[PDB]
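These notes are about the structure you will find just below.
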Amino acid sequence: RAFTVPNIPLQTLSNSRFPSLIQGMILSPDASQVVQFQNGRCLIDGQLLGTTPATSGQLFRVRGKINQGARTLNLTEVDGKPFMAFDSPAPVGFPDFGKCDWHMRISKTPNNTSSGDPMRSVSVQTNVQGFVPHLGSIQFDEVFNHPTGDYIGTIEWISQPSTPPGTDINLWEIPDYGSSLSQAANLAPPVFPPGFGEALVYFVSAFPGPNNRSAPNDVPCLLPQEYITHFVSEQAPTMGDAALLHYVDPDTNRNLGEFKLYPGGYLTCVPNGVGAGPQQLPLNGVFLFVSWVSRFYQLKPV
Amino acid sequence: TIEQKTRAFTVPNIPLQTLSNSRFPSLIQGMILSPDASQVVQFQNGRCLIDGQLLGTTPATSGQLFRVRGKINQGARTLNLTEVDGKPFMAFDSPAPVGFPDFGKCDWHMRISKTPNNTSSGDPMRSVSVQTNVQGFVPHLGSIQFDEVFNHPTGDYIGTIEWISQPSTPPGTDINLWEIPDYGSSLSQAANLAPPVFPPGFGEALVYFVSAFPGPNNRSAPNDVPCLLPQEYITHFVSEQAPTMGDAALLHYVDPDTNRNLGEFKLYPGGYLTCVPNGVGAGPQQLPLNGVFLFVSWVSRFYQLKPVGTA
Ligand SMILES: CC(=O)N[C@H]1[C@H](Oc2ccc([N+](=O)[O-])cc2)O[C@H](CO)[C@@H](O[C@@H]2O[C@@H](C)[C@@H](O)[C@@H](O)[C@@H]2O)[C@@H]1O[C@@H]1O[C@H](CO)[C@H](O)[C@H](O)[C@H]1O
Ligand SMILES: CC(=O)N[C@@H]1[C@@H](O[C@@H]2O[C@H](CO)[C@H](O)[C@H](O)[C@H]2O)[C@H](O[C@@H]2O[C@@H](C)[C@@H](O)[C@@H](O)[C@@H]2O)[C@@H](CO)O[C@H]1O
Ligand code: NA
Ligand code: NA
């Protein structure tokens, strides 16, 4: 089967770290930025990595059991199936927002009542000893004075980390999945700046909450979720060091820039000096597969 | 080109339990028939022709689905709708902005926040409630009405429905997610609504994909939201735009462990699936959720399906 990418304009595609439209295409503010996102990680032959779900249905949700009067949520998969401890960093689709506090909204499932607001607010710190999703649990900040059961929900908004006090949100980072005595197993590996004139391309969407900059919380990811779903369904073999893509204006059919999609599931371009890069481009473009190329193929600056 | 006009029809090759509801972003949790065999549906989301033509308020992807955005003035009750990206909603063109919720016969309990963030402290989340059968619910005209006066700063707000409850009026009536809200008004009907989908008859019945949505109901059971197509099907069709080459696409719902066919279904060009229930009580709800629908062949609308399930 021949390799393709979705024929849908970028602005209509979705972030792979939480379900939202892509609102920008950027380079990392720090050129030396290494990333290790656990969601939005997929080899271009359809091999999912980290905690990455095949589809958005599973993405950015948390599910587990909690006892009345406890602080600990014992995680399951989003569909309610048991989470295998020591095996994965966290359940499939578990949020990977590091360096922030999580303000979550959850509810007991399934509904078994005829009245009442089922929604509960809980907060989670991601750098505390109780944050151990790799061991199957996370700890809420307060005692959970609500009925025992199976709860499901998501992060509604984020804020500056509680510790160290004063530090800002940094969504380029992931939380600490492991424990003080055990590292998280099967983490999707880090992605390093490619060098040689190339730079990693990130897709960004805004997420609710304050920060020290009084500005939007921007969530960078490596691939649109629809690309991941496509790769999982298509399972097209990788036949070069990179897939050459053209970013095309669908209205005129003009090529707006060349990109390389690497087998590891990330995109690069060559910025044409400072001030240049994919952030200069309109967001209504469609990426089109042109050809398999070697890693030594020299990209035209964008 | 020749390639585009000769592009072969396909469906996403992913187990059903891994696919998403097209009325709100969530995993599909079951397949059902409508409780009423005569049930007509007119969902505005999850509507797409199998050659990729979107209908109603249906978004191409999940990123835009089940979101509400608009401007509200401090001290007012009126949310003036925009598209999810903040661009003006061209009213009279559509029943509502793309991705706008289509949950009828219930009260909406929403959570919204001012966008973009311009704050360095505090909780930005605001709770509002919306009734869908009141005079102020006029999304087609460009606005919906909150139940209480909005005593928060004027501006641009984005959010979603967090949970639903029984409709306020008529008192005592239950949630009915088989229905859509009234998008129009008394002096103006909603233009360009996705059309109704009628039961096929002649042994066939419509297949619905369900996912539970938070909130109570009169039956003390989950609020199951039925939709016609997984969202991934919609995205696939929009991307592929494969020409429709027959009256219907014959699908087999195949067990990925044994490669055996668990049931025959017809996917009609209007963007919905049917099966033949194997007697009273039988249906696709009896099948495991880990099956994969595979395209077998184009067939005529008169093609008869092997009955599915057991009475
Ligand atoms: C636990 C909590 O709610 N902390 C609040 C804090 O609350 C109180 C409570 C009682 C007293 N008192 O006895 O006098 C004083 C303060 O109030 C501050 C100031 O409003 C909150 O911090 C601010 O808002 C949050 C959302 C952040 O944006 C923060 O930077 C602001 O200064 C504080 O909220 C906590 O802040 C910490 C970081 O300091 C984390 O972000 C927590 O998630 C957040 O709950
Ligand atoms: C305005 C308000 O807060 N009313 C309270 C009721 O909630 C409303 O119920 C109506 C249905 O009558 C409708 O669902 C609205 O959306 C609710 O705001 C509340 O009713 C109870 O809880 C509801 C969520 C619903 O499940 C209903 O069946 C149930 O009776 C009553 C009782 O707690 O208090 C009212 O003040
Ligand atoms: Na940890
Ligand atoms: Na109305």
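Labels used: A, B, ... for chains in the order of the structure tokens, numbers from 1 for residues in each chain, and numbers from 1 for ligands as shown.
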
(request) Check every protein, DNA and RNA residue against ligand 4, keep those with an atom at most 8 Å away (counting only C-alpha atoms and all ligand atoms), and present them as a ChimeraX atom specification. (result) /B:132-139,181-186

Could the residues in this selection be saved with C-alpha atoms as a JSON list (two decimals), in the first residue's frame?
```json
[["chain", "number", "residue", "atom", "x", "y", "z"],
["B", 132, "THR", "CA", -33.33, 24.13, 24.30],
["B", 133, "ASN", "CA", -37.12, 24.56, 23.91],
["B", 134, "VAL", "CA", -37.40, 28.22, 24.99],
["B", 135, "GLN", "CA", -37.83, 31.35, 22.83],
["B", 136, "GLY", "CA", -34.23, 32.45, 23.53],
["B", 137, "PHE", "CA", -32.75, 29.28, 22.02],
["B", 138, "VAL", "CA", -32.29, 30.52, 18.45],
["B", 139, "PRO", "CA", -28.88, 29.29, 17.20],
["B", 181, "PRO", "CA", -33.28, 20.90, 19.57],
["B", 182, "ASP", "CA", -35.41, 23.49, 17.74],
["B", 183, "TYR", "CA", -32.72, 25.57, 16.00],
["B", 184, "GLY", "CA", -35.13, 28.13, 14.54],
["B", 185, "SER", "CA", -37.87, 30.30, 16.01],
["B", 186, "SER", "CA", -41.64, 30.85, 15.69]]
```

(message) Hey, which residues sit close to ligand 1? Say within 8 Å, counting only C-alpha atoms and all ligand atoms, and write them as a ChimeraX atom specification.
(response) /A:100-103,123-125,158-163,165-166,209-212 /B:119-123

Generate a file of the selected residues that holds C-alpha atoms, formatted as a PDB file, in the first residue's frame.
```pdb
ATOM      1  CA  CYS A 100       1.629  22.561  35.788  1.00  0.00           C
ATOM      2  CA  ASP A 101      -1.150  21.807  38.262  1.00  0.00           C
ATOM      3  CA  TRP A 102      -4.193  20.015  36.839  1.00  0.00           C
ATOM      4  CA  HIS A 103      -7.695  21.180  37.678  1.00  0.00           C
ATOM      5  CA  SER A 123      -6.735  18.994  41.607  1.00  0.00           C
ATOM      6  CA  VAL A 124      -3.527  17.116  40.834  1.00  0.00           C
ATOM      7  CA  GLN A 125       0.137  18.064  41.209  1.00  0.00           C
ATOM      8  CA  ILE A 158      -4.247  24.203  34.248  1.00  0.00           C
ATOM      9  CA  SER A 159      -2.333  26.586  36.519  1.00  0.00           C
ATOM     10  CA  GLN A 160       1.253  27.308  37.574  1.00  0.00           C
ATOM     11  CA  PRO A 161       2.841  24.383  39.454  1.00  0.00           C
ATOM     12  CA  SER A 162       2.395  24.532  43.238  1.00  0.00           C
ATOM     13  CA  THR A 163       6.087  23.636  43.682  1.00  0.00           C
ATOM     14  CA  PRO A 165       6.564  28.249  44.175  1.00  0.00           C
ATOM     15  CA  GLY A 166       6.665  30.983  41.530  1.00  0.00           C
ATOM     16  CA  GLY A 209      -5.788  28.550  32.537  1.00  0.00           C
ATOM     17  CA  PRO A 210      -3.579  31.355  33.873  1.00  0.00           C
ATOM     18  CA  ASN A 211       0.209  31.619  33.688  1.00  0.00           C
ATOM     19  CA  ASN A 212       2.995  34.026  34.704  1.00  0.00           C
TER      20      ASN A 212
ATOM     21  CA  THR B 119      -4.909  36.323  33.311  1.00  0.00           C
ATOM     22  CA  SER B 120      -2.056  35.396  35.647  1.00  0.00           C
ATOM     23  CA  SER B 121      -4.188  34.086  38.531  1.00  0.00           C
ATOM     24  CA  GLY B 122      -7.488  32.424  39.361  1.00  0.00           C
ATOM     25  CA  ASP B 123     -10.047  29.925  38.092  1.00  0.00           C
TER      26      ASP B 123
END
```

(message) Around ligand 2, which protein and nucleic acid residues have at least one atom no more than 6 Å from it, if we count only C-alpha atoms and all ligand atoms? List them as a list in words.
(response)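 If we count only C-alpha atoms and all ligand atoms, the neighbours of ligand 2 turn out to be residues 114, 115, 116 and 117 of chain A; 107, 165, 166, 167, 168, 171 and 216 of chain B.
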
(request) Could you pull out the residues sitting within 7 Å of ligand 3, using only C-alpha atoms and all ligand atoms, and write them as a ChimeraX atom specification? (result) /A:126-132,176-180

(message) Applying 7 Å and only C-alpha atoms, which residues near region 61-63 of chain B remain after dropping the ones on its own chain fewer than 6 positions away? List them as a PyMOL selection string.
(response) (chain A and resi 12-14+19-21+56) or (chain B and resi 25+231+235)

Output file for the selection above: N, CA, C and O atoms, as a short mmCIF file (atom, residue, chain, number, x, y, z; two decimals), in the first residue's frame:
```
data_model
loop_
_atom_site.label_atom_id
_atom_site.label_comp_id
_atom_site.auth_asym_id
_atom_site.auth_seq_id
_atom_site.Cartn_x
_atom_site.Cartn_y
_atom_site.Cartn_z
N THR A 12 -8.01 22.57 10.13
CA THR A 12 -9.19 21.73 10.39
C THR A 12 -8.77 20.46 11.12
O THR A 12 -9.61 19.72 11.64
N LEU A 13 -7.46 20.23 11.18
CA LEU A 13 -6.92 19.06 11.90
C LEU A 13 -6.77 19.33 13.40
O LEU A 13 -6.88 20.48 13.85
N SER A 14 -6.53 18.27 14.16
CA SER A 14 -6.59 18.31 15.62
C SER A 14 -5.25 18.09 16.30
O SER A 14 -4.42 17.31 15.82
N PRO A 19 -7.95 17.07 22.46
CA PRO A 19 -8.84 17.25 21.30
C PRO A 19 -9.23 18.71 21.09
O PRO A 19 -10.14 19.23 21.74
N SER A 20 -8.54 19.36 20.17
CA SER A 20 -8.79 20.75 19.82
C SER A 20 -8.21 20.98 18.44
O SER A 20 -7.29 20.27 18.04
N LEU A 21 -8.73 21.96 17.72
CA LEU A 21 -8.17 22.32 16.42
C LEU A 21 -6.75 22.85 16.56
O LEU A 21 -6.41 23.51 17.55
N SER A 56 -9.02 10.23 18.76
CA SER A 56 -9.26 11.30 19.73
C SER A 56 -10.24 10.90 20.82
O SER A 56 -10.31 11.55 21.87
N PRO B 25 -17.05 14.02 21.36
CA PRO B 25 -15.81 13.25 21.32
C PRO B 25 -15.71 12.26 22.47
O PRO B 25 -15.47 12.65 23.62
N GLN B 231 -16.93 9.10 14.02
CA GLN B 231 -16.29 10.31 13.48
C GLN B 231 -15.15 10.00 12.51
O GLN B 231 -14.93 10.74 11.56
N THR B 235 -14.19 11.69 8.82
CA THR B 235 -12.90 12.28 8.48
C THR B 235 -12.32 11.57 7.25
O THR B 235 -11.81 12.21 6.33
#
```
